[PDB]
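Tertiary structure, described
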Amino acid sequence: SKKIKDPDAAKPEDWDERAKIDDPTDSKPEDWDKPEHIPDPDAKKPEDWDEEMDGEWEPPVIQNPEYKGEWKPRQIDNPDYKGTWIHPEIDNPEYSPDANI
């Protein structure tokens, strides 16, 4: 996604930045992580459209029934930490809106 943790952002080398840990001994795959938005399966476009002049159509999305806000397992408060200063995230180079960066 847009805006992620990165090296430009000038983080120290691992200074108990978390506050709340994730699955200690549990863990599962990523396969919770279903897409928030899926295109309409029956997303037909108008024949009254010129993608030459718009640039593309505009295929609608719906919210997926399986929608979880993110793979947050059980973010439990850790066994004592430091204090995440406020790292400035940066504009995730590997995001790519529609064309690879």
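Parameters and conventions
- Residues numbered from 1 in each chain as written, not as in the entry; some residues may be left out.
- Heavy atoms only, no water.
- Patch = residues over 30% accessible without salt bridge, like charges linked within 9 Å, V, L, I, M, F, W, Y side chains within 5 Å.
- Areas by Shrake-Rupley, 256 points an atom, 1.4 Å probe, with all protein chains shown as cover.
- Salt bridge = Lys/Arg side-chain N within 4 Å of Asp/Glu carboxyl O.
- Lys, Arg positive; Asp, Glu negative; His and termini not counted.
- Charge placed at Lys NZ, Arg CZ, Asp CG, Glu CD.
- Helix = DSSP H or I, 4+ residues; strand = E, 2+ residues; numbered from the N terminus.
- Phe/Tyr/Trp six-rings, centres within 6.5 Å; stacked < 30°, edge-to-face > 60°.
- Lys NZ or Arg CZ within 6 Å of the ring centre and 35° of its normal.

Structure determination for this entry is recorded as solution NMR.

With that settled, consider a negative patch on the surface. A cluster of like negative charges, contributed by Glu13, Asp14, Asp16 and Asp80, occupies part of the molecular surface. Locating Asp16 in the fold gives a position in the segment before β1 (20-21).

Moving on: the pattern of salt bridges. Following the criterion strictly, the structure yields eight salt bridges and no others. Across the pair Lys11 and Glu17 runs a salt bridge whose closest N-O atoms are separated by 2.7 Å. Three or more residues are tied together by salt bridges with common partners; here these are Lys5, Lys11 and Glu17.

Attention now goes to the packing of aromatic side chains. Evaluation of the coordinates by the stated rule reveals one aromatic pair. Geometrically, the ring pair formed by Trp32 and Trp71 is tilted, given 5.3 Å between the ring centres and 50° between the ring planes. One end of the pair, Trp32, is in the loop between β1 and β2 (37-39); the other, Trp71, is in the loop between β3 (61-63) and β4 (76-77), and 39 residues separate them in sequence. When the ring centre of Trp32 is taken as origin, the NZ or CZ atom of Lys68, which lies over that ring, is 3.5 Å away.

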